[PDB]
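Results of the structural survey
Each chain, written out:
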Amino acid sequence: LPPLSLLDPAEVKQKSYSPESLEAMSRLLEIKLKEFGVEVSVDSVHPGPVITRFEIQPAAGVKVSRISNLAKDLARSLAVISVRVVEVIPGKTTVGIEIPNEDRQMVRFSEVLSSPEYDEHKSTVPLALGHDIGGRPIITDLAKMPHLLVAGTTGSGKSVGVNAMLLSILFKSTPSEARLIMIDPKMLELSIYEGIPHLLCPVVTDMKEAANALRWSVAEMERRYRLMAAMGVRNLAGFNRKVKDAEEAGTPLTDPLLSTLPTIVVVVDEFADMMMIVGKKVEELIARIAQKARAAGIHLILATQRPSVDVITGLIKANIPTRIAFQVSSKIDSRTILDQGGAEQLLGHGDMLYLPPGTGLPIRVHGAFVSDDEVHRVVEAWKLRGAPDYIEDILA
Amino acid sequence: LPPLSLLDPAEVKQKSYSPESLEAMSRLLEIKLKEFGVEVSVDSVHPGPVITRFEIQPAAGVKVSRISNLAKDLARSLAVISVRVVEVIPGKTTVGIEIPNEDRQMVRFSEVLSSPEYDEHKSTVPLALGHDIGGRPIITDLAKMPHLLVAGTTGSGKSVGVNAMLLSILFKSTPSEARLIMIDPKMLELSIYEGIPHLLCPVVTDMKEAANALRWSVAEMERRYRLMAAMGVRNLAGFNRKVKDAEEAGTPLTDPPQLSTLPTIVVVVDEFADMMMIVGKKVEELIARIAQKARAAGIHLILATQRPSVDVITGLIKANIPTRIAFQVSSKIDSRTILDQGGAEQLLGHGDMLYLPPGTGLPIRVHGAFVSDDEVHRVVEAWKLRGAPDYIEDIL
Ligand SMILES: Nc1ncnc2c1ncn2[C@@H]1O[C@H](COP(=O)(O)OP(=O)(O)O)[C@@H](O)[C@H]1O
Ligand SMILES: Nc1ncnc2c1ncn2[C@@H]1O[C@H](COP(=O)(O)OP(=O)(O)O)[C@@H](O)[C@H]1O
């Protein structure tokens, strides 16, 4: 297995911004808000890698919308590009205002994978995304999402995000226990994984070839539910426990009407292009994959460039609860993906909002930068250990 | 019939919500509303297991929209997550403001079934929802509803409420008295119920099989209307009363092959958004033609979703189904979708619903009684040790 020390080293960071600078910026924010109608008092300061949260306590009689509806001018008067107003902090009584820095301390991916969370993560398909607003890494299980929407306009750090997710897959699991399927309509980025041993098909450039791939995925989900009903265990983890215990206790169980089945991960670079070229049947197949495949071990990474009702329909939203929103156009597309506002106030360059599975406030996550050096190194490191193991029934 | 003591006991309550803390919270509410435009004195305090109703008397000439248009800010300036404003209390001049407590008391299901109303309940299909905002247990007959909708986003406590309803069916009804048909398009929850004699069909996964099960329900409703028109008796319970009176006096009846006592079919459908996603509008017309006529035939529905959209809950569903359960939804739009009025977005999750009674009703706020998976396994095992399964080939 390729060790995590293949990645690029850490950086002599631009650490220790002085408390006199923090006090000057806090008094500057108090004065610039006092110049408008509102009155404020900076309570605490939380300096972070990319932005800097100013937990402010508004004065008596000041609503939150009187802080929300002037964020353009609050960002303009502070000589920054865009400021973000967290309207509620869970637990305290303070409105959160998050201001970008001058020198962006860039998040590095080896600093994310060296966490206590990732190296002790029991699952076989984790996702390292990056640090949060305070510098702590966020690694959440992709087998618990159990699907993923990714959107944001161009140049907002999205192909790097999908590559960070795929490297988060590739640093932990052997091809026996996890296994990828790559659909790449714009054959520019995901052709870099050409011939890795964690695949099933050639990296799909065509479109009807991708339709055959999705029909194979539906058939695989159906035969795995029939096989788990034959064995008599609900989900994939208990089935792998049963096929472990059969191989331990003397005699394995033969193939019923066996091995450790892999956790299939079906990624899509741009499903906007798929529902451009192929049509409604791709929408129906993605709907009936994401309807049922949580217990079967088949997952989706849907990425797109158009957070619109044309691309993201209601059927896609119904089965996929977990969203990733990078910098988008405006509040219309933010309410199209996250079903709420806030995604327009980002910075790009991999500055996402991680909506957790379920209902909650979105956690702002700065996406870890990855480079072609590391990606080519990991691809060649897996091509040394394994071979192309294609089963071409997926595309027939 | 299974005894009531099969469940987990009620935990030690966290009582002594002290009157000094209630008085301090009342004065803090008066001051935090006095900081805004309004002026209001707290009249009385009603404590509860989850929230706490503060009946407040507004001053002369201050409206109620000037209380309900700043619920976000009042909940921010009281260190809570969300406040709920009852705009009208029946029979008094006060306005209900309901603040969540500091320590959530989990609602114990054995406390709910130990109510005097449930044990002295007449109808063979009751539902035990939970306690209301004061601690009074809410127990609702199903055959007077005569249908049910359940909404609420992911992670809001929908499946635990559905399991509580199905155990409320289980703890009173012998299988000749009531009988279930379950449909679950996922294997998420309702696979555990497979084995009990209260099923007719095994737990339906195939949605074409689900549509044919609903067509069987249409056909069974039609043959029950034909049999009741032959017997001359209007509803199903009247028919059971007539056949019980005839079999009491030693006079056996005949079918125009001896007549028996018909059961009360309760067709639960776990997530019908996926059902109409896969099958289509045929399902919607089947649900309409069931829910029109099924009140006198004994067929009842527990529909549930995780998407209160206009594509799913159309007018065709809301025409015949007047009883609505609304858990935590995202915004005002989905609240006005299912409850046909606002208010459902101001809830707390963790199974905290708004029971809309059938007809003219200000919606009752009911806390969902919690049931763990251990009790559900225990009741399924207690039925599988008690009675034998009885299925029907004809339904498919
Ligand atoms: N965390 C980051 N730090 C620095 N640069 C980044 C980061 N994330 C992305 N970028 C840069 O932003 C560029 C545009 O992102 P990309 O996903 O290629 O846009 P698109 O979504 O149009 O494909 C990338 O080429 C990458 O170099
Ligand atoms: N009455 C309750 N009291 C406390 N917690 C509850 C209650 N009902 C549900 N929950 C919590 O909600 C979760 C169940 O939510 P669920 O109905 O599965 O939502 P979904 O079906 O959308 O996933 C459980 O993990 C449980 O902890």
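- The deposited coordinates, according to the entry record, derive from cryo-EM at 3.99 Å resolution.

**A closer look at the packing of helix α7 (residues 207-231) of chain B against helix α10 (residues 281-293) of chain B**
Residues and elements named next belong to chain B.
- With their axes 10 Å apart at the nearest point, α7 and α10 run at an angle of 25° to one another. As far as their axial angle goes, α10 and α7 are roughly parallel. Classified by chirality, the crossing of α10 by α7 is left-handed. Along the contact surface, α7 presents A211, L214, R215, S217, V218, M221, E222 and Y225, while α10 presents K282, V283, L286, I287, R289, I290 and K293.
- Grouping the amino acids of the contact of α7 with α10 by side-chain chemistry returns 9 nonpolar, 1 polar and 5 charged.

**Comments concerning the interface of chain B and chain A**
- Every contact between the two is made by 19 residues of chain B and, on the other side, 25 residues of chain A.
- For the pair chain B and chain A, the interface holds 6 residue pairs in polar contact.
- Of all the elements in the fold, those that place two or more residues in the side of chain B that touches chain A are α3 (71-76) and α9 (272-278) of chain B.
- It is α9(B) that provides the largest number of residues to the side of chain B that touches chain A, a total of 3 residues.
- Residues belonging to the side of chain B that touches chain A are distributed by class as follows: 8 nonpolar, 5 polar and 6 charged.

**Examining the domain arrangement of chain A**
Residue and element names in this part refer to chain A.
- Here chain A is described as being made up of domain 1 (1-105) and domain 2 (106-395).
- Between the C-alpha centres of domain 1 and domain 2 the distance comes to 32 Å.
- Each partner contributes to the interface: domain 1 provides 25 residues, whereas domain 2 provides 29 residues.
- For the pair domain 1 and domain 2, the two sides together bury roughly 2600 Å², of which 62% comes from carbon and sulfur.
- The largest contributions to the domain 1 side of the interface with domain 2 come from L7, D8 and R84, which together make up 25% of the buried area.
- Our count for the contact surface shared by domain 1 and domain 2 stands at 3 salt bridges.
- The partner of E98 in a salt bridge is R364, with the nearest N and O atoms 3.4 Å apart.
- Mapped onto the side of domain 1 that touches domain 2, the elements with two or more residues apiece are β2 (51-58) and β4 (95-100).
- For the side of domain 1 that touches domain 2, the residue count by class is 16 nonpolar, 3 polar and 6 charged.

Criteria and thresholds
- Residues numbered from 1 in each chain as written, not as in the entry; some residues may be left out.
- Chains lettered and ligands numbered in written order.
- Part of a larger assembly, values for the part shown.
- Heavy atoms only, no water.
- Axes fitted to C-alpha atoms, helices over the stretch in contact; angles between N-to-C directions.
- Helix = DSSP H or I, 4+ residues; strand = E, 2+ residues; numbered from the N terminus.
- Parallel < 35°, antiparallel > 145°, perpendicular 65-115°, else oblique.
- Left-handed = near helix turned anticlockwise from the far one by under 90°.
- Contact = heavy atoms within 4.5 Å.
- Nonpolar A, V, L, I, M, F, W, Y, C, P; charged D, E, K, R; others polar.
- Polar contact = N/O pair within 3.5 Å; in protein donor to acceptor, adjacent residues only side chain to side chain.
- Domains from an automatic or database assignment.
- Buried area = accessible area lost by both parts, 1.4 Å probe.
- Salt bridge = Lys/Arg side-chain N within 4 Å of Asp/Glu carboxyl O.

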